[PDB]
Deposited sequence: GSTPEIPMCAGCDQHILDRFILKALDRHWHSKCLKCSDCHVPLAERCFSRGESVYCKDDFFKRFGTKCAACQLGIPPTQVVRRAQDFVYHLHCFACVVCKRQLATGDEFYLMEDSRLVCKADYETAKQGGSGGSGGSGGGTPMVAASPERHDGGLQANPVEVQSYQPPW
């Protein structure tokens, strides 16, 4: 029994079976936090992850800070970009935007409040800040566009 974690073979009282592979239980641990995996685990090909780290790594990224947002965290969004509460802020003045605040979504994800928009376009889609929502962990979503 070769343990796919640490190529020593496996003598232990109890043997783990996962990903059709054989593990010491010390070795079937999260690739990223090295916490031992029980009952189920998540895998990206070759490597195994605990749930937290799988979503941090492979989950929807904050467009501002680029860190993984788990399905658990409430977020702000602009079009198909998603942002942490603390990251949905004007990139020029750094003010945290709020529901009903007028801003512009730039072509690179950048958020610019209305008052700084002349400034940023010298260096844009206008929008009104929507209320936060539970982040939908990447759910194929359809736009609702408006025409007058």
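Taken in order along the deposited sequence, the stretches absent from the coordinates are 1-6, 130-139, 165-169.
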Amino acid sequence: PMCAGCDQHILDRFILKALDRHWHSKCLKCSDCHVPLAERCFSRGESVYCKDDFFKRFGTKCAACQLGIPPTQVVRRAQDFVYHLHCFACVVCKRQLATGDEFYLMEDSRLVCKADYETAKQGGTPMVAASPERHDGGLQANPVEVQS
From here on, numbers count along this sequence of modelled residues.
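Two stretches are in play, 95-103 and 37-45, and the higher mean C-alpha B-factor belongs to 37-45.
Taking only CA atoms, the mean B-factor in the PDB entry is higher for 47-55 than for the other of 78-86 and 47-55.
Per the deposited record, the Cα B-factor of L139 falls in the highest third when ranked against the other modelled residues of its chain. Among all modelled residues in its chain, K61 ranks in the lowest third by Cα B-factor. Among all modelled residues in its chain, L16 ranks in the middle third by Cα B-factor. The deposited CA B-factor of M127 belongs to the middle third of values across its chain.
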